[PDB]
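The next block holds one structure in the form of structure tokens; read it before the comments.
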Amino acid sequence: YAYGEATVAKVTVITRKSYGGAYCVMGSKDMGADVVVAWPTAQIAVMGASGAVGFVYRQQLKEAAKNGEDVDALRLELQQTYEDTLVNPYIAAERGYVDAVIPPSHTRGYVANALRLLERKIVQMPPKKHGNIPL
Amino acid sequence: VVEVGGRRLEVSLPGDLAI
Amino acid sequence: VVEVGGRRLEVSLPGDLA
Amino acid sequence: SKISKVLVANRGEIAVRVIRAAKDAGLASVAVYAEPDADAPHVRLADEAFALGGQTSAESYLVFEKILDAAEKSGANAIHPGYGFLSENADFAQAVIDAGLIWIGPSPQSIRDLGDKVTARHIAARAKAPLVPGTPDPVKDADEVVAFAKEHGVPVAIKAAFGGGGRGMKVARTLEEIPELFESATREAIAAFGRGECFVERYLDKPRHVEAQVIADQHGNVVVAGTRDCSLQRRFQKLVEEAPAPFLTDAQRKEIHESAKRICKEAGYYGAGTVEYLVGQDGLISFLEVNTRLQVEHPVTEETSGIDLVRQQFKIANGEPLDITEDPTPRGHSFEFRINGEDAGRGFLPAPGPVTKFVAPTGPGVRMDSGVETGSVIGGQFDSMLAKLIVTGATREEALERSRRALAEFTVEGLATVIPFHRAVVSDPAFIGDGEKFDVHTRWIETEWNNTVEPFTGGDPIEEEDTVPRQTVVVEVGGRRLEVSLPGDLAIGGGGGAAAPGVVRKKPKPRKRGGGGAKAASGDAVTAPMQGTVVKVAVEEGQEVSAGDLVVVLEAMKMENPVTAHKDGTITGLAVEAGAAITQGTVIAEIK
Amino acid sequence: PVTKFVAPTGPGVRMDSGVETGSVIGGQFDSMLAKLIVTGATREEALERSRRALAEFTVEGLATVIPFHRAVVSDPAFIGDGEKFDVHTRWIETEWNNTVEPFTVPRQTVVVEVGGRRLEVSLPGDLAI
Amino acid sequence: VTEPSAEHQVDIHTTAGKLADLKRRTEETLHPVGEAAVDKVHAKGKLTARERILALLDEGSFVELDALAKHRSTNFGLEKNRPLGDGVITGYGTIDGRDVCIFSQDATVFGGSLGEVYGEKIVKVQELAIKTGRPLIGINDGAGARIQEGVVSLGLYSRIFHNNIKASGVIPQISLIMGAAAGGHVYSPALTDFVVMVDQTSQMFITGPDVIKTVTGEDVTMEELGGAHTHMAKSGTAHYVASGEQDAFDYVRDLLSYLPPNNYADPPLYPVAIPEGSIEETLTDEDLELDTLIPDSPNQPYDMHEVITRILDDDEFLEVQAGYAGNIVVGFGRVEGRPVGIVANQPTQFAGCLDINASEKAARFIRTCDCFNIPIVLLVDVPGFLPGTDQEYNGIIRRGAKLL
Amino acid sequence: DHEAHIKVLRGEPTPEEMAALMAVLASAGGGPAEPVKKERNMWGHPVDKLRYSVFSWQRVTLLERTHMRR
Amino acid sequence: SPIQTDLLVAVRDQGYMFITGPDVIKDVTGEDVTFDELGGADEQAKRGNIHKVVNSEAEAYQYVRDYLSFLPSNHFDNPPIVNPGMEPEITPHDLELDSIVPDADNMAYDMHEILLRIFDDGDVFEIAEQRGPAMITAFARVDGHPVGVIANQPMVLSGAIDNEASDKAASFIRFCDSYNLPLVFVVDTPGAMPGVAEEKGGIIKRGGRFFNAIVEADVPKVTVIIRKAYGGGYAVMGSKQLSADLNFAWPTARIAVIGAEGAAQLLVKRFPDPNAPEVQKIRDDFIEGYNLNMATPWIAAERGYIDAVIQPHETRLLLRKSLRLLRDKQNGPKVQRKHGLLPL
Ligand SMILES: CCC/C=C/C=C/C/C=C/CCCCCCCCCC(=O)SCCNC(=O)CCNC(=O)[C@H](O)C(C)(C)COP(=O)(O)OP(=O)(O)OC[C@H]1O[C@@H](n2cnc3c(N)ncnc32)[C@H](O)[C@@H]1OP(=O)(O)O
Ligand SMILES: CCC(=O)SCCNC(=O)CCNC(=O)[C@H](O)C(C)(C)COP(=O)(O)OP(=O)(O)OC[C@H]1O[C@@H](n2cnc3c(N)ncnc32)[C@H](O)[C@@H]1OP(=O)(O)O
Ligand SMILES: Nc1ncnc2c1ncn2[C@@H]1O[C@H](COP(=O)(O)OP(=O)(O)OP(=O)(O)O)[C@@H](O)[C@H]1O
Ligand SMILES: *C(=O)CCCC[C@@H]1SC[C@@H]2NC(=O)N[C@@H]21
Ligand SMILES: [Mg+2]
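Protein chains in written order, with the entry's author numbering: chain G, 408 to 542; chain S, 480 to 498; chain T, 480 to 497; chain Q, 7 to 598; chain R, 360 to 463, 474 to 498; chain N, 4 to 407; chain P, 25 to 94; chain O, 174 to 517.
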């Protein structure tokens with residue numbers, strides 16, 4: 408509530424992880440972050456690859472167990488393929504949920520630029536007496 | 480008094496007649 | 480005015496009966 | 007061979023009537039339906055069904071290939087055509103026989119010979135049935151027509167040799183009327199039937215119409231299963247029909263029972279059928295024509311004579327001899343009423359519409375043959391007849407009294423019907439009669455019935471007070487049940503709340519364009535006034551036309567409606583071709 | 360509840376009924392619903408018509424004897440062997456094969482005098498007027 | 004050529020055929036993953052997502068939006084299974100004659116997990132509710148984000164949460180929980196104004212029992228973790244615990260009957276005729292039963308509902324969070340037809356002391372009434388704050404200041 | 025004449041039973057619903073309680089509309 | 174002064190409106206021109222300077238009374254409510270809509286046969302009938318509340334949006350917004366007119382103004398699509414993407430960037446001339462596949478660009494339900510300012 412309500416300038420710098428509902432809470436774009444940048448090391452995903460692969464590949468991981476195969480080595484191979492495919496900043500940049508993926512040294516430049524431009528934001532909420540924050 | 484077709488009648492109604 | 484099968488029948492009452 | 011699986015190549019009440027016969031015979035029943043009939047009660051009643059596709063009859067029930075393909079793919083071995091459509095198309099009857107299927111009907115040659123009404127007259131003269139003074143041959147020209155009109159007098163009718171369904175005839179009261187009526191009836195017969203051949207005969211002003219129900223046999227037997235009177239006719243089609251024919255001498259009765267059998271004998275007819283007759287106020291009978299099919303009004307003869315006239319068709323198609331040897335006597339009297347979707351208050355014009363309710367009469371003496379149920383929908387592609395009500399009583403007066411009850415019990419809603427007319431005539435002295443004759447005749451409904459039926463409006467609000475909402479409640483007073491309708495803006499005893507927000511009420515406008523001096527006709531476009539089929543296009547692209555000129559004819563409900571130019575100009579963008587389906591408001595052409 | 364009631368119609372059928380679609384019934388009355396009457400020229404023809412009409416008769420929302428009727432009109436015990444049939448006043452109970460599988474606010478009142486008349490008036494319980 | 008009745012379809016080159024095609028496509032939306040799933044939900048004793056909507060709304064009032072929607076994902080083979088509606092049912096209708104916007108999440112489609120189109124459907128109906136100023140009801144079942152869809156599902160969660168924040172204090176927001184709401188599915192309910200749970204068939208939890216076991220060793224059932232009793236008595240998140248789904252709908256209709264449609268419309272007064280004369284001239288025997296209520300000893304407790312039910316009309320009182328922090332009673336009633344919120348100390352628990360949980364219970368209730376202009380009546384019988392180091396270390400100062 | 029009347033759609037009562045029906049219905053009939061002296065009093069109207077951004081269009085389409093609508 | 178007003182009604186052969194009379198035109202510029210050719214009532218109605226032409230002053234008075242019967246007295250107050258609550262069930266007149274649209278896409282029909290059935294009664298009060306007659310702008314009532322209806326007229330120019338249809342709709346939309354009437358859009362159009370005469374006539378700016386007025390307006394916006402909704406026609410006729418509130422289609426609707434024939438021309442122009450009938454056969458196949466797939470309701474329904482596909486008979490009661498929901502619509506967030514600028 409506090410982040411979605413706030414109407415000051417909001418900048419997000421993502422440095423490694425931003426998984427699951429904590430992506431939403433920590434300054435997601437659709438929550439109304441004004442500038443979102445990510446470092447090359449960022450990892451934006453619905454959940455960590457361990458948990459994701461065990462669910463997505465349920466068919467293969469049951470079938471291989473009934474075949475008696477090396478399910479552990481299969482899980483490692485699938486988890487590596489998932490980490491290399493989806494656990495990066497680029498799927499969020501492709502969706503435009505990150506505005507730029509930046510060399511970390513650029514962080515102060517992008518932040519200072521945003522803060523200099525957004526010192527007045529022409530944004531508003533629906534009229535209310537006050538909100539009803541969960542308390 | 481109630482007039483029905485002009486014929487006069489008188490009607491007795493309970494002390495709590497409503498709705 | 481009340482109608483009985485569409486036959487007109489003027490009825491009159493005191494101006495209040497509530 | 008014997009029938010095992012029968013296909014009923016027809017719709018509606020007659021489709022259910024034949025399927026019910028097949029069930030009463032243990033036969034397997036196959037239905038077919040056009041696109042509009044995909045939800046019709048006969049499709050549910052049949053043991054099996056096939057979709058012809060196509061929206062109009064001309065691309066559905068009239069298509070031989072589609073009907074034969076249905077019979078083949080279903081593996082049916084017999085075809086019953088019902089009535090109308092193909093039931094008197096002798097070329098279809100032949101194609102059915104040579105397709106190797108049991109044609110449940112008369113032989114093609116008998117259908118041809120009786121379909122040419124002049125060949126039928128030659129046969130009826132051979133049979134020495136009584137004929138009206140009239141030409142024994144097709145006439146040549148109006149000069150011969152005037153000669154006949156002077157040698158056998160006036161009034162005189164000109165009749166097409168192949169016309170039917172009421173279209174085929176026009177009458178002159180005077181010698182001055184002969185020329186233009188001959189011209190018109192000639193070119194109109196050429197247009198509607200191709201065969202321009204016509205014949206000319208003396209006209210009865212107020213005939214009754216009477217007919218014999220004939221059963222005829224491949225073993226050469228013939229039985230008159232009963233007789234009917236059908237004099238209540240709105241255009242030249244029937245609406246109310248009686249069995250047995252009332253108010254006849256036994257000389258007339260026996261002469262009918264004789265001459266009908268002689269006509270069947272000479273025609274070589276077999277199967278069910280009828281011979282129609284006209285009976286004058288002088289009491290003279292004349293032969294009219296022979297219907298080569300199960301008539302609509304078989305039920306009243308079923309009720310009075312006890313024969314199942316369709317199962318008899320199954321027996322005859324099996325080639326079994328008649329198991330009735332002689333003409334059964336009546337055991338009561340019966341009336342049939344056609345429940346047409348026509349507004350008697352509006353000139354008996356038919357209208358499509360939803361059947362939002364259909365509560366049939368039931369109980370004492372009542373039979374309902376309905377092709378319709380609550381939630382059925384009627385479009386402008388097939389005849390207006392929803393159902394038939396048949397009522398019987400031990401004497402004509404008791405049958406009429408039962409009919410008065412049944413017609414008051416009948417409620418149909420959502421579309422106009424003739425029921426208010428039936429409710430009138432079952433109470434009109436002209437049709438009650440003096441105990442020995444009627445005053446009704448085949449022009450009575452259009453000239454001498456008092457048309458007291460107000461036009462249909464459904465539930466529409468028409469006047470300002472109709473717009474006020476109503477609550478209907480049941481009240482007892484002294485235990486007497488009353489049904490009371492209370493307006494929502496009712497205010498008595500000083501009450502408030504009426505028109506609460508400052509409502510205005512006024513007479514609502516009809517759902518039609520302004521209609522004063524023009525509707526669409528202020529523009530160049532010619533638009534179809536109702537749903538139908540463009541059966542004739544009377545113009546070509548680029549033709550100059552004048553106001554009143556015919557542009558197209560729309561078939562709707564098998565009524566033909568002319569759509570005509572509202573202005574002078576050049577026919578531009580003629581959008582339609584003969585046989586196209588068309589909807590209300592569809593642009594036909596621009597007169598520009 | 361008689362949640363549906365499609366009566367049979369057509370040739371040779373009469374229906375006399377005390378219920379219609381949306382009626383209700385309770386044990387205080389006969390628990391009859393209707394009488395189907397079928398007729399023909401002969402016993403066999405009337406049985407053919409009954410074997411149709413009883414299948415055309417559809418009733419829903421309560422159990423009815425219709426499946427029994429549909430069975431008995433099919434029974435060689437009940438079909439006439441020319442000049443006899445086997446049924447008797449014990450036949451349903453002692454001879455017929457009964458294989459049929461089983462089926463699976475108050476109103477307002479006022480007491481009013483009008484001249485010499487006494488009149489209770491009774492009305493829907495929520496009359497808004 | 005002729006075609007058998009069970010096979011033939013009306014020609015889609017005609018208006019009537021296109022209309023029949025609409026009837027087919029509509030009928031397919033009643034059972035979008037086949038009737039075996041509908042049967043399975045009934046056998047499990049639950050209503051389907053559509054039956055829930057039709058049981059809550061006034062009969063025939065429902066208009067459904069985006070009925071034919073399908074997801075557009077191609078990851079991990081989702082393109083092979085595209086059930087109509089994407090597993091949420093959305094629209095608007097009427098409750099007790101007043102119009103409301105509704106959504107109902109369907110657990111049979113991918114476990115009710117949120118996808119892109121599912122989220123866009125919910126966002127559409129949230130925006131419609133905000134734009135019209137009408138109550139929003141959400142019925143929630145779902146295994147969180149649909150994991151095969153990427154971060155897109157987290158974007159849609161962020162948008163749904165942001166709409167709940169915008170609507171906060173603008174329109175009444177009510178959440179029914181009628182299944183397992185997992186992960187992101189829990190935060191929208193928390194942002195809505197009232198949470199109704201079904202006492203055994205519904206759960207909320209962020210992290211599942213298996214991850215809790217992996218990270219902490221705590222072996223816990225999903226009912227112990229997220230059950231309705233847990234979220235009433237312990238976490239304080241639920242506002243009501245219905246004995247069944249019908250009881251939950253009845254409670255939601257009761258709630259809606261007290262609230263205005265929005266923060267600027269007038270509240271729904273019932274017509275009540277005020278009797279004439281003075282306050283002392285108009286004492287009823289039920290009022291005179293209050294003069295003997297208070298025990299003579301200052302320390303003997305009494306049930307404060309004996310006051311609440313006597314000062315409220317018809318004794319009618321809709322208690323809120325009845326099972327949580329029982330030392331304070333809060334809820335709705337009417338006084339001469341006017342809705343009011345009651346906030347009353349309950350002597351029978353902690354002698355009526357205030358504590359952390361009562362302070363938060365009453366503070367959010369008061370702020371909810373104040374958003375929607377409902378007057379508050381306080382019944383005060385408080386000996387102080389609840390003494391204890393547990394209250395001090397858990398923050399009675401910081402969280403008691405909430406009720407101030 | 026264009027008033028909407030009460031219709032006894034079924035039955036045929038005597039004038040005494042008409043009088044009983046009318047006296048019942050007339051005394052059941054609602055009183056002064058929508059009262060003639062519903063004064064205007066905008067003191068403390070909820071629209072004045074709301075926070076509005078200085079540029080909020082609802083200052084036109086809600087606040088001013090609500091004050092000025094008569 | 175008259176041309177600033179909201180409604181001009183002229184009496185035929187009596188009312189005339191022109192800046193410079195025939196004599197001054199003649200002697201300054203040499204042209205010959207009669208009063209009718211210069212500024213007669215019918216001419217100025219076709220040019221869109223007059224909103225109604227009537228045959229008598231009494232007809233003008235009655236037209237004013239009818240017009241004022243749909244409107245509030247001012248920007249702030251409510252309109253009169255006329256005959257609310259009529260016909261709350263599905264009627265035969267509703268069920269007549271299931272078959273009103275002709276089967277073939279090349280056919281045309283009078284849109285009034287729909288408009289007279291989807292509103293409370295036949296009181297569809299048309300304004301500026303003669304200006305840009307490919308477009309209908311009318312008042313109607315829904316549950317007794319007045320609404321402004323913008324509807325295409327397939328009967329005229331295939332319903333293409335010409336220059337004057339565009340500016341007529343823009344002007345009527347801004348008027349309805351100023352007086353708080355809900356807007357109902359009834360869509361059946363191939364979009365903007367092609368051609369050099371319409372380009373030079375300004376179609377780009379007039380369409381831009383129509384787009385501007387539709388996005389500007391704050392009132393409830395509800396859309397029903399009948400058959401064609403191609404390109405800019407779909408966009409401008411109250412698309413959801415242009416802030417329309419609720420959007421419904423009949424199952425006959427066809428929502429696409431261009432109609433099948435146009436897409437077939439763009440396809441076939443990549444081949445040589447159709448001297449080989451393989452080209453004709455490819456056109457015919459492509460057009461059937463396109464009318465089965467791209468040019469249908471179903472893609473816009475699957476994507477949620479329209480909220481439902483409805484049976485035609487539902488339309489009247491569904492409009493009542495929708496506008497009861499939308500009654501209190503507040504349009505935002507919008508930044509208050511002097512005014513929104515407009516393509517001129
Ligand atoms: C205080 C508050 C204040 C408030 C104020 C508020 C105010 C705010 C209001 C707000 C106002 C609202 C603003 C508006 C709303 C949006 C409206 C727009 C939507 C439409 O209204 S939507 C129309 C429908 N939309 C077309 O017709 C296009 C297409 N239809 C046409 O008719 C066009 O006239 C044209 C010219 C484009 C067609 O012609 P062509 O496409 O230009 O050319 P071609 O097909 O011959 O080229 C060959 C084709 O094959 C391919 N290709 C292969 N190789 C090559 C190669 N080497 N070179 C080129 N192409 C190649 C390729 O596909 C190419 O096509 P391409 O390259 O993609 O063009
Ligand atoms: C931020 C939100 C997240 O990160 S979501 C992470 C947690 N979601 C999970 O999938 C695990 C946690 N809960 C579950 O999925 C459980 O299934 C719950 C919801 C508790 C219910 O268990 P149960 O009723 O036994 O269902 P099940 O496991 O048999 O699954 C039934 C069908 O639903 C599917 N499903 C379930 N959850 C998801 C999901 N999150 N994303 C996608 N699909 C999901 C299952 O695959 C299964 O479908 P199918 O039978 O395989 O065709
Ligand atoms: N000679 C006649 N005199 C008087 N009226 C006649 C005469 N011939 C026919 N009519 C009238 O014409 C009506 C229609 O009979 P007609 O045989 O001309 O056509 P139809 O009944 O349509 O024929 P079909 O049964 O062959 O289709 C008859 O009911 C009768 O009213
Ligand atoms: C048409 O819709 C199907 C057959 C109904 C018309 C036919 S015409 C000849 C028969 N006589 C009659 O009155 N109806 C039948
Ligand atoms: Mg005949």
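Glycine included, every Cβ here is placed at the ideal spot set by N, Cα and C.
Residue i touches chain T at which residues, Cβ-Cβ below 8 Å?
i	result
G351 (chain Q)	What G351 (chain Q) touches in chain T: nothing, since even the nearest Cβ is about 18 Å away.
Following the continuous alpha helix (DSSP H) through residue i, name the residue where it begins and the one where it ends.
i	result
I56 (chain N)	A52 to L59
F335 (chain N)	Note, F335 (chain N): premise wrong, no alpha helix (DSSP H); beta strand (DSSP E) at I331 to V338.
Do residue i and ligand 6 come close, with the Cβ less than 7 Å from some heavy atom?
i	result
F354 (chain Q)	The model on display carries ligand 1, ligand 2, ligand 3, ligand 4 and ligand 5 but not ligand 6.
What residues from chain O crowd round residue i, counting only those whose CB sits closer than 8 Å?
i	result
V66 (chain N)	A481, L491, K494 and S495
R94 (chain P)	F249 and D250
Could you check where the beta strand (DSSP E) with residue i kicks off and where it finishes?
i	result
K225 (chain O)	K225 to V227
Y403 (chain O)	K394 to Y403
Mind listing the chain Q neighbours of residue i? Cutoff is C-beta to C-beta under 9 Å, in chain order.
i	result
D375 (chain R)	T368, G369 and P370
Can you name the residues of chain S whose CB is closer than 9 Å to the CB of residue i?
i	result
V481 (chain R)	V490, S491, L492, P493 and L496
Going by C-alpha distance, which of the options is nearest residue i?
i	options	result
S376 (chain Q)	Q:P305, Q:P535, Q:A198 and Q:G32	Q:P305
What does residue i reach in chain N if we use C-beta pairs closer than 9 Å?
i	result
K79 (chain Q)	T5, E6 and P7
For the region 444 to 451 of chain Q and the region 493 to 502 of chain Q, state whether three or more C-beta atom pairs, one from each stretch, are separated by less than 8 Å.
no
State whether the region 351 to 364 of chain O contacts the region 384 to 403 of chain O, with contact taken as three or more CB pairs (one from each stretch) at a distance under 8 Å.
yes
Can at least three beta-carbon pairs, one atom from the region 496 to 508 of chain Q and one from the region 38 to 54 of chain P, be found at a separation below 8 Å?
yes
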